[PDB]
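In what follows, a structure is listed as structure tokens, so that the remarks can point back to it.
All of this is worked out from the model, or read from it or from the source named; none is laboratory data. When we count neighbours, we look across all protein chains shown, and the Cβ atoms used for this are built from the backbone with ideal geometry, even at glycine.
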Ligand SMILES: *[C@@H]1O[C@H](CO)[C@@H](O[C@@H]2O[C@H](CO)[C@@H](O[C@@H]3O[C@H](CO)[C@@H](O)[C@H](O[C@H]4O[C@H](CO)[C@@H](O)[C@H](O)[C@@H]4O)[C@@H]3O)[C@H](O)[C@H]2NC(C)=O)[C@H](O)[C@H]1NC(C)=O
Ligand SMILES: *[C@@H]1O[C@H](CO)[C@@H](O[C@@H]2O[C@H](CO)[C@@H](O)[C@H](O)[C@H]2NC(C)=O)[C@H](O)[C@H]1NC(C)=O
Ligand SMILES: *[C@@H]1O[C@H](CO)[C@@H](O[C@@H]2O[C@H](CO)[C@@H](O)[C@H](O)[C@H]2NC(C)=O)[C@H](O)[C@H]1NC(C)=O
Ligand SMILES: *[C@@H]1O[C@H](CO)[C@@H](O[C@@H]2O[C@H](CO)[C@@H](O)[C@H](O)[C@H]2NC(C)=O)[C@H](O)[C@H]1NC(C)=O
Ligand SMILES: OC[C@H]1NC[C@H](O)[C@@H](O)[C@@H]1O
Ligand SMILES: OC[C@H]1NC[C@H](O)[C@@H](O)[C@@H]1O
């Protein structure tokens with residue numbers, strides 16, 4: 001989407017995977033979708049260095065609506081859980097130096113069942129723009145035919161542009177189109193800052209595996225569409241929660257940066273391990289995700305329950321991610337000739353390889369002729385940066 | 001097995017899951033099955049407080065044999081990876097105040113392919129007893145028919161008793177027998193200090209779930225056989241390794257204590273988080289696994305992606321483990337009336353409930369009439385101890 005926005009992949013936070021559709025403020029106040037929730041997440045992002053890291057978009061997800069619309073025809077917040085309305089939440093958010101994201105649906109209902117945007121595309125867009133929204137997640141539940149999905153998705157893009165406001169439009173167009181026919185990513189790219197590709201994400205090394213595996217499966221179709229202003233969305237960062245071990249949390253971080261995925265944390269910020277914070281806030285690794293060049297990574301090689309990913313970065317740099325898919329035994333050794341790395345460019349005549357994950361460590365120089373040895377942890381990932389030189 | 005042994009479930013450590021059958025000492029010396037491996041694990045168990053915790057059995061698994069037997073007769077260690085022989089390893093291990101375990105097979109070959117024990121039952125047994133072995137894992141690969149499995153398993157048990165030596169006999173009888181016919185656990189109990197029931201274990205929350213899920217599935221059949229001298233083995237403690245998150249590692253610890261499973265750590269002791277060390281060495285939680293009464297726990301209730309387990313302990317005590325199987329969102333609330341707990345005994349007229357896991361915390365008194373409230377972590381377990389008034 002030629003809108004000036006998402007020049008690198010959007011970073012921020014999103015309630016869904018951690019807070020889902022909890023609307024019982026009575027017994028579970030500390031996790032119902034209330035303004036205070038975002039009031040508090042926002043408040044933190046600032047004080048805990050999430051902004052300096054580069055997370056900027058506090059994003060509301062599904063389950064913020066009232067039962068129905070006011071009498072014009074406009075979406076409202078919940079009067080109970082959002083007494084102050086979005087108008088003020090926006091104001092507050094902004095004062096913190098952040099941007100606010102919101103949710104709505106292409107259909108007749110959200111995936112939860114609160115009013116859809118259909119028929120109301122023109123009016124929702126403006127309604128949002130009046131509030132001070134800086135992002136939209138546009139979901140695609142409750143849709144008759146592909147024709148409505150397509151026209152609906154497109155029609156919203158136009159209505160947002162018209163408002164006059166810089167609003168990151170994030171779409172789920174392909175995910176929903178998928179089961180019926182291949183999506184025209186070329187065309188999608190035209191209307192959406194970024195698009196959701198596969199199933200929802202869990203707190204499971206299983207779910208992760210299946211995303212990478214499905215992603216890598218049809219990379220031929222998606223890696224190339226990806227660049228400045230339009231990204232492949234493999235869904236939220238779940239690091240900080242419960243489901244993944246350390247090496248699985250690295251694997252997540254590494255491959256999201258490799259894949260040039262947007263980085264949307266979905267977690268209680270108020271209870272997070274030094275572990276994960278420091279991982280989530282890794283300067284070097286955010287860089288790689290955030291590389292100005294904007295070429296998506298891919299799966300170079302595979303087999304022997306090992307996986308090789310790599311991403312080209314600007315300045316003759318390249319990222320190498322090596323995964324170990326054997327769940328059993330110990331650290332396994334895996335080695336390749338740097339001759340096979342970066343299509344053969346980085347490391348001609350030589351490259352400087354420093355390791356970023358699981359721990360930050362310079363490794364020597366590396367002639368064209370040489371091989372890189374390595375011990376990767378079961379279900380973990382080793383993340384290298386290869387630099388050019390000349391020495 | 002009426003042998004004076006495993007009066008509470010055996011604790012120690014086992015190479016397999018973490019080190020497997022790595023025999024390449026050239027390129028991976030830090031993890032090949034070498035005496036120095038056991039020399040090192042032993043040395044640590046001592047210094048790191050693993051012994052004081054109650055881990056006592058340093059256990060060699062598969063892949064310690066030579067190509068073939070001496071002439072006699074007898075099984076040998078690898079000349080290269082075990083130059084000093086088991087004789088000496090035993091001696092050393094003992095001097096640390098620990099007990100050595102070894103491995104062999106019912107069949108013609110181990111699961112790897114090194115000589116089986118068949119035909120050699122009488123001689124293997126003695127061989128081991130000469131070496132000073134204190135445990136045997138008897139595996140059941142490479143077996144024609146169930147008859148040989150049965151007779152082979154049994155025959156060994158007698159040969160061991162006869163040696164004259166206290167040797168904890170750990171069998172894999174049921175697991176192999178399964179896929180053909182239900183096992184007679186009554187019978188097995190008679191010959192084995194503990195028995196492996198299900199598939200191997202991985203470094204996966206998957207694998208865990210499936211073990212509990214399979215165990216609770218047929219608890220009818222197995223929970224009652226269990227008690228002093230004969231345990232159900234749900235396979236190794238894998239905490240400390242790579243594959244499980246914290247709340248998954250607690251879930252494992254809690255439910256191993258609930259189940260009255262033996263505690264066999266399989267990990268590199270030389271590189272382990274404070275996290276895991278403290279969890280593996282939890283006094284209170286070992287106690288519950290170690291309760292002298294020795295009744296196995298079971299699944300009280302299930303549904304709503306929540307699971308309630310409970311074990312009765314001596315002295316009107318009971319353990320309650322509540323697991324949360326929803327892998328999404330956050331801490332879920334789950335509650336029941338203490339009236340339902342421990343068949344209705346603990347908490348009549350009242351109980352003291354202190355939480356052990358995830359963090360050790362007293363909770364007040366709990367009248368008969370009261371319900372216990374609780375926020376359990378996704379894939380975690382909350383593990384309580386109920387003391388009845390009284
Ligand atoms: C909605 O309507 C249109 C529909 O596409 C959209 O117009 C486009 O807006 C962008 C806004 O930047 C324009 O892109 C610019 O093109 C000119 C060159 O002619 C440059 O000034 C801009 O350069 C910036 O970005 C560069 C690209 O990487 C950077 O290198 C550089 O540093 C600059 O900062 C940018 O390329 C584009 O020309 C128009 N297209 C049209 C229709 O003419 C509009 O912005 C949208 N409006 C809203 C409110 O959503
Ligand atoms: C180990 O393998 C040998 C086969 O070489 C078994 O001995 C034979 O087993 C078959 C039964 O399937 C008998 O019919 C033969 O008479 C035996 N052959 C000989 C030459 O003695 C042996 O019992 C096997 N044992 C186990 C437990 O698998
Ligand atoms: C071999 O078998 C006998 C009988 O099962 C074991 O005897 C029991 O051993 C414990 C410890 O000696 C006693 O507490 C029980 O009272 C014994 N019961 C019987 C039947 O006498 C014996 O210990 C075993 N011996 C060895 C060394 O393996
Ligand atoms: C499983 O085997 C057990 C143990 O042998 C069987 O119980 C024995 O049965 C014999 C008669 O066949 C009795 O005389 C013994 O007293 C029993 N042993 C003991 C001490 O219990 C048992 O019947 C078998 N189980 C089933 C249900 O098939
Ligand atoms: O609630 C439905 C759900 N579909 C998929 C998205 O991840 C989520 O935010 C959206 O709200
Ligand atoms: O190969 C030996 C190996 N076979 C499978 C068993 O279950 C495992 O624990 C044993 O050590």
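Okay, here's what the table says:
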item	result
In the stretch B:343-354, residue nearest to the other protein chains (Cβ to nearest Cβ) [restricted to those that are closer than 18 Å to residue B:284 by Cβ and surrounded by 17 or more Cβ atoms within 10 Å (Cβ to Cβ)]	B:353
Among the residues listed as A:89, A:44, the single one being touching a residue at least 40 places away in the same chain (Cβ under 8 Å), in contact with a strand residue (DSSP E or B) (Cβ under 9 Å, 6 or more places away or on another chain) and either outside any loop (DSSP other than H, G, I, E, B) or within 18 Å of residue A:132 (Cβ to Cβ) (or both)	A:89
Residue satisfying all of: in the stretch B:162-183; farther than 17 Å from residue B:143 by Cβ and in contact with a helix residue (DSSP H, G or I) (Cβ under 9 Å, 6 or more places away or on another chain); nearest to ligand 1 (Cβ to nearest atom) among these	B:182
Leading residue by the ranking (nearest to ligand 3 (Cβ to nearest atom)) among those in the stretch B:174-185 that are in contact (Cβ under 8 Å) with a residue 24 or more places away in the chain and more than 13 Å from residue B:198 (Cβ to Cβ)	B:185
Selection status of residue B:222, under 25 Å from residue B:135 (Cα atoms), within 16 Å of ligand 3 (Cβ to nearest atom) and touching a strand residue (DSSP E or B) at 6+ places or on another chain (Cβ under 6 Å)	no
Test for residue B:158: is it under 30 Å from residue B:43 (Cβ atoms), out of contact with any helix residue (DSSP H, G or I) (no Cβ under 7 Å at 6 or more places or on another chain) and in the same structural domain as residue B:29 (by CATH)	no
Qualifying residue in the stretch A:97-119 (condition: part of a loop (DSSP other than H, G, I, E, B) and closer than 30 Å to residue A:287 by Cα)	yes
Residue that is farthest from residue A:198 (Cα to Cα) [pool: residues in the stretch A:215-251 that are within 11 Å of chain B (Cβ to nearest Cβ) and without any contact (Cβ under 8 Å) to a residue 40 or more places away in the chain]	A:242
Residue in the stretch A:294-317 that is within 14 Å of another protein chain (Cβ to nearest Cβ) and over 24 Å from residue A:219 (Cβ atoms) present	no
Any chance residue A:214 is more than 27 Å from residue A:42 (Cβ to Cβ) and in the same structural domain as residue A:181 (by CATH)	yes
Flag if residue B:281 is surrounded by fewer than 19 Cβ atoms within 10 Å (Cβ to Cβ) and outside the structural domain of residue B:383 (by CATH)	yes
Sole residue being away from ligand 5 (no atom under 16 Å from the Cβ), away from chain A (no Cβ under 14 Å) and over 30 Å from residue B:43 (Cα atoms), chosen from B:148, B:91	B:148
Restricting the stretch A:24-42 to residues that are farther than 18 Å from residue B:374 by Cβ and within 13 Å of chain B (Cβ to nearest Cβ), the residue that is farthest from the chain's Cα centre (by Cα)	A:32
Per-region count, the stretch A:256-268, residues part of a loop (DSSP other than H, G, I, E, B) and closer than 24 Å to residue B:244 by Cβ	3
When residues of the stretch B:184-212 are limited to those that are within 14 Å of ligand 6 (Cβ to nearest atom) and in contact with a helix residue (DSSP H, G or I) (Cβ under 7 Å, 6 or more places away or on another chain), the one farthest from the other protein chains (Cβ to nearest Cβ)	B:195
In the stretch B:137-166, residue surrounded by the most Cβ atoms within 10 Å (Cβ to Cβ) [restricted to those that are in a helix (DSSP H, G or I), away from ligand 2 (no atom under 13 Å from the Cβ) and touching a residue at least 12 places away in the same chain (Cβ under 8 Å)]	B:160
Residue satisfying condition, being within 14 Å of chain B (Cβ to nearest Cβ), under 28 Å from residue B:240 (Cα atoms) and in contact with a strand residue (DSSP E or B) (Cβ under 8 Å, 6 or more places away or on another chain), within set A:332, A:361	A:332
Selection count where residues are assigned to a loop (DSSP other than H, G, I, E, B) and within 16 Å of ligand 6 (Cβ to nearest atom), scope the stretch B:2-31	6
Top-ranked residue of the stretch A:65-76 - restricted to ones that are under 24 Å from residue A:17 (Cα atoms) and touching a residue at least 40 places away in the same chain (Cβ under 8 Å), ranked as surrounded by the fewest Cβ atoms within 10 Å (Cβ to Cβ)	A:67
Some residue of the stretch B:7-21 being within 14 Å of chain A (Cβ to nearest Cβ) and surrounded by fewer than 22 Cβ atoms within 10 Å (Cβ to Cβ)	yes
Single condition residue B:326 does not satisfy, out of (1) under 17 Å from the mean Cα position of the chain (by Cα); (2) at negative phi; (3) within 14 Å of chain A (Cβ to nearest Cβ)	(1)
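Results for (1) farther than 30 Å from residue A:52 by Cβ; (2) assigned to a loop (DSSP other than H, G, I, E, B), shown as yes or no for each residue.
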{"position": "A:292", "(1), (2)": "no, yes"}
{"position": "A:330", "(1), (2)": "yes, yes"}
{"position": "A:333", "(1), (2)": "yes, no"}
{"position": "A:343", "(1), (2)": "yes, no"}
{"position": "A:374", "(1), (2)": "yes, no"}
{"position": "A:382", "(1), (2)": "no, no"}
{"position": "A:391", "(1), (2)": "yes, yes"}
